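Student: fold the stuff below for me.
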Amino acid sequence: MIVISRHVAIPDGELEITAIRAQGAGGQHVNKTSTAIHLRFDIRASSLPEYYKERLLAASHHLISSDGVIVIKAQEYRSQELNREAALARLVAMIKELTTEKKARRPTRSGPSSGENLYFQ
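Tutor: Numbering: from 1, shown residues only. Next up is the structure itself:
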């Protein structure tokens, strides 16, 4: 249900979940498998309230597109079924951060960040 608030909870069917894999042959130090999940959520296409639509769209995140889409890449487990659930945790979190401004009543703990994006042309 991705319950973000008292009147906000995605039924887990309004998202675009897709699989992501890579070949073995890499040009760097790589030998482990991929078997990851791509979680794409089109806010414009969701049942979200207008207030959240604007909050998410007006946000500035190295994982979101100005278009109105958030992208997450969960990769930890050896299957392609456990990462689909590890991705929702990240969605719920970033949504709660981008929709707010400052808070300490709920657990909140920032940290470093490792990631880039691939803009298409």
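Student: grab the nearest non-local neighbour of the residue most central in space within the chain.
Tutor: When the chain is reduced to its mean C-alpha position, the nearest residue by Cα atoms, centre = their mean turns out to be residue 72, at 3.2 Å. Setting aside the residues directly before and after it, residue 72 is nearest to residue 39 in space (Cβ to Cβ, 6 or more residues apart in numbering), at 4.1 Å. The C-beta positions use only the backbone N, C-alpha and C, and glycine is treated the same way.
Student: neighbours of the one you found, how many?
Tutor: If you count neighbours by other Cβ atoms under 10 Å, residue 39 ends up with 22.
Student: do the same with residue 91
Tutor: 19.
Student: where do the helices of the chain begin and end?
Tutor: Remark: helices of the chain, listed N- to C-terminal, are 50-57, 83-98; assignment by DSSP state H.
Student: counting neighbours, which bits of the last one end up buried?
Tutor: Of the residues in helix 83-98, those with enough neighbours to count as buried (16 or more other Cβ atoms under 10 Å) are 83-84, 86-88, 91, 94-95, 98.
Student: do the same with the shortest one
Tutor: Using 16+ other Cβ under 10 Å as the test for burial, helix 50-57 gives 52, 55-57.
Student: could you find the closest non-adjacent residue to residue 56?
Tutor: In this structure, residue 56 finds its nearest non-sequential neighbour in residue 43, 4.6 Å apart by Cβ to Cβ, 6+ apart.
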